[PDB]
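[1] sequence unknown, structure follows:
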């Protein structure tokens, strides 16, 4: 049920995943993972009445500091889907405060920072994210993008190549690498 | 000196980068330096690889060997400019210019540096010089970028037209001039230049996107849908493409298959106000009024200085049993809208439905002062007139 | 500035010797692991077989590893002694610079922060790179007016250098540009 | 009895601009029963060690 | 790492243990998208060297 | 004054004070293109299009002592410029060092360009019918004069230098193709002959024919020898669940809107609460006053390496007086220096400041360790971090 539900959620069918997870809810399962999953599904399946109460039950049920950080990360995703980037800013910072080695929170908080305008903060946060999780492609791509925006084509190349190493079938990474290798001649 | 000559030029051409590099450590030792090609291979070759630090060091050494050479100073300033330092790049290009006052590369690079330094007078004059010495496409592109950043397209249309005048096979120039035609009222020459681009490159994503946009604007959504089918597999996850596809499917009353594409594009870019506005609009048309408010409020929080956003937020709101919030949202909209009478007509409808009939006339007069094509905004124009 | 550079060079020679000893210990450990895996394969196998003097190669490699470990320990101790002596020397040098020119308490604090960065070398951050970055930055933002030098020579990184000439050049240049009348700042 | 009129045309992107991407929402994976039992047996030993 | 038991060293792709793209599904390694139902038998990729596995 | 044989140290101080000026000439070359019809007088030649290293095929003419043209349209260096010094159809084959081979014609006509190579081309000869290029994706490509791939050949390793011998029929003989791991590999395009290990590297493979025999092969290695050895879209689909959910939304949209707004208000409340509590305890590893710190633990066993990655995140402003203080359980972990100053933090550099934590409990006990970064004149930590120390795996 969990596997088919995840696969249904990620292949842009969150309502079927919400059904598959409401099934586990119906069978007495009471976790932090299950309720955060129900929150993600309810929000992305466009059921705004049962969305945030599930995240509240999740935050209640979390027996860790990484589970709390993941729930705050997902609440920041909900917030940034709602707009109001300040609430998502606070949620990402709380995900960091709970789990210091949370690279997705670093990446998203750097995206919001560069949205505000603070380029150096975003650069440092993306460097931290790409240092914690090298296997991810978003921190590398964003660092390369901001570098290329300001210049520093060496750092842009060193970051876009690691992006291509992380997600080798990307598209924007390929255009970035083509532009860079063209600037080098 | 350099006895091998091409030995350390054979592994490099094939990009072996082992024998050619290891051979250097041996060729240099035998010759005790002073070869001037072993170092050169390390430099330009280093720059071809990601590294732009050893390239700068070796170009420094080449400048030290030939103090009075303009090309070495040019290469050192270029190695600087490949890093983030543009002021030092300018100050080295200056010395490279006081040894050679007849080349376009120094002026083009000074232009692109002063561009990153936001000095637009010096950049503009330097790039004019770079044109007068030897006209190149990239100088034209940088001048157009200057005239777009600083001012208006009124100054960029002339430059891009003069650029495409000669060497008209560059896709970048054609496509950028077509885009700038879209940015203005002209939709015909924009189509002309986008088709000119598409003849050369049929699968040009940056041109297919704008062509499909223009097509969607004048109805005929199936043609734009085919244009997008042309490039769907090349860029399978790109928010703009899926937003345009969702608007295609929303044009021909496929509201569910449009919500699908729009939500997929929103998932891949949660900070893009256009997809949020489109989701709000479609959920208004689908009469859901609970999601519409959510997405329109998000798009407001992302671009607050818009008039239609607050109109649609008020519009849905009116159906969410909250009329005071609709009042204040309509006030925000009418204050922040200048050239769209739909906001005024909808606020007049809200007022007249509230039993006032007094300020509804004020909104009707505001609309009639603002003004003209929509079939259903015409009738409500006359029905709220005659009934008031 | 000349009996002070020799201590820096002694420190850096010890650092380079330590890096060489460690990259040699790496190879010795790899050899030991390979021979150990061979022996484990011979152990798991049922059938009897000559050891082919694999145990002798293992003993030789083990002796090499122990010798290299002792060498690295002694080099670490020598490096620590050299670092303490260098700390004393740079203390004296900051004192003589703060007296040689009428340096106030603020600039003396800046110099103490830039020249006295850490009380123990580690395999990721050492005295050379740190003081070099600090001095390059202090000359970049305060004591330089040409951008060409600012971008060519006055750059800062945190990787172990291959020579101490840049550090010494920057220190002499710092004392020089202080002599002409320069003054330090932060912003 | 008048219904508010809605624009029939949405906002369409006319150029692709490189925007910084955000990380993606993370579905917390569930646990097995053996894993829960192992973690609880690992923490019960800690609790008894602290409670002596 | 220190225990080798697989007969084939470089077997055909599709017969050894050693969908949505990383643009949609979060990942844990270069590939290997995140799974549901963590079980204590999950390996989810393997390191190359002892140093990488430690660091 | 300094070409090969002189003193490497003592005469290099007299170069600066003399500085007698120099001359100029044509740049360094690799290959040319010349005429063939009026050749056996060596003075009635017309076109001399030679290829240099800066991809400048200068076209010099002796009828007027002029420069007719220059071929710089690749602007990337060729390996062998002319596919066998010319083609009979004059479709001259320049080979870019990017992964493309051009059909840039003789006397610099209009380009046809076949980019269709998976990597860079290594080595090019021709037999006036085909273009036998190398590759680096472990193959070779036989292109025609127009750009159509006539036949590709698979090889296990990369190629160094190929050739094809004389034509009896339209190009029917053996191919001498070396490899990049000292191997040669001989072929009849479809049928395999040889894999053995003679040349460490190679320059050119040509005839060695003597006594008017059929074919003798030569091989010029790079050790010094001269070897002769013969052997429609994916638009998703929505089920009954979706239409039932949309019907519920259309019939109960107001309650959903109201309850989601209430939940959002409560979420803002709780997020502000937790943010204020974190500011109170100063537990954020990211927090005017710019800093960023995170602590990484490495290693099993009783001794762990704890490296604090600290970073100043500002435009250009260093931070002088800061200091790090560790908070641990003195019965479980033995920190040598639980408090130390930090170097002057230059904006933009990640400083790794490491320590050696050591587990003392004989039983496996995992306890948290706090880290506080704080000024030296203040008592409230500027920022903090936490690390759950793993199990000891002791002895």
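    Perfect, thanks for sending it. Numbers count the residues shown, from 1 in each chain, chains lettered A, B, ... in the order given.
[2] How about the secondary structure of the residue of the stretch 201-350 of chain B found nearest chain C?
    As assessed by C-beta to the nearest C-beta, chain C sits closest to residue B:271 within the stretch 201-350 of chain B, at 33.3 Å. All C-beta atoms are positioned from the backbone trio N, CA, C, and that covers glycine. Following DSSP: H, G, I helix; E, B strand; the rest coil, the label given to residue B:271 is coil.
[3] And residue F:370, by the same measure?
    Classified using three-state DSSP, residue F:370 is strand.
[4] okay but the residue of the stretch 201-350 of chain B closest to chain C is in contact with residue A:114, surely?
    No. In this structure residue B:271 lies outside contact range of residue A:114 using C-beta atoms under 8 Å: 10.4 Å.
[5] where's the residue in chain B positioned nearest to chain F relative to residue A:47, distance?
    Closest to chain F within chain B is residue B:290: 3.7 Å, counting by C-beta to the nearest C-beta. Noted for residue B:290: a distance of 10 Å to residue A:47, by C-beta to C-beta, to the nearest Å.
[6] Between these two, which contacts overlap?
    By C-beta atoms under 8 Å, 6 or more residues apart in numbering or on different chains, residue B:290 and residue A:47 have these common neighbours: residue F:256.
[7] In terms of neighbours, single out the busier of the two.
    Neighbours per residue, other C-beta atoms under 10 Å in any protein chain shown: of residue B:290 and residue A:47, the larger number sits with residue B:290, 26 against 22.
[8] My read is that the more buried one contacts residue F:251, right?
    No. Between residue B:290 and residue F:251 there is no contact under C-beta under 8 Å: 10.8 Å.
[9] Look up phi and psi at the residue nearest the centre of chain C.
    Closest to where the C-alpha atoms of chain C average out (C-alpha atoms, centre = their mean) is residue C:126, at 4.2 Å. Torsion angles at residue C:126 (phi, psi; degrees, to the nearest 10) stand at phi -120, psi 180.
[10] ok, now residue A:31?
    phi -130, psi 180.
[11] How far off centre is stretch A:79-92?
    Stretch A:79-92 sits 12 Å away from the centroid of its parent chain (C-alpha atoms, centre = their mean, to the nearest Å).
[12] now do stretch B:27-34
    Stretch B:27-34 sits 50 Å away from the centroid of its parent chain (C-alpha atoms, centre = their mean).
[13] One more: stretch F:258-274?
    On C-alpha atoms, centre = their mean, the centre of stretch F:258-274 falls 49 Å from that of its chain.
[14] what's the answer for stretch A:60-80, then?
    Taking C-alpha atoms, centre = their mean, one finds stretch A:60-80 lying 12 Å from the centre of the chain it belongs to.
[15] doesn't residue B:37 make contact with residue B:2?
    Yes. Using C-beta under 8 Å, residue B:2 is in contact with residue B:37, at 5.2 Å.
[16] any chance you could map the strands in the stretch 1-150 of chain F?
    Using DSSP state E, counting those that start in this stretch, the strands found in the stretch 1-150 of chain F span residues F:29-31, F:48-52, F:57-61, F:66-71, F:101-102, F:113-114, F:124-126, F:131-133, F:139-143, F:149-154.
[17] Show me the helices in the chain, by range?
    Picked chain A for this. Per DSSP state H, chain A carries helices over the ranges A:2-10, A:14-26, A:33-44, A:52-61, A:66-82, A:85-98, A:103-116, A:119-132, A:138-150, A:153-166, A:172-183.
[18] ah, no, chain E please
    According to DSSP H, the helices that chain E contains are E:50-54.
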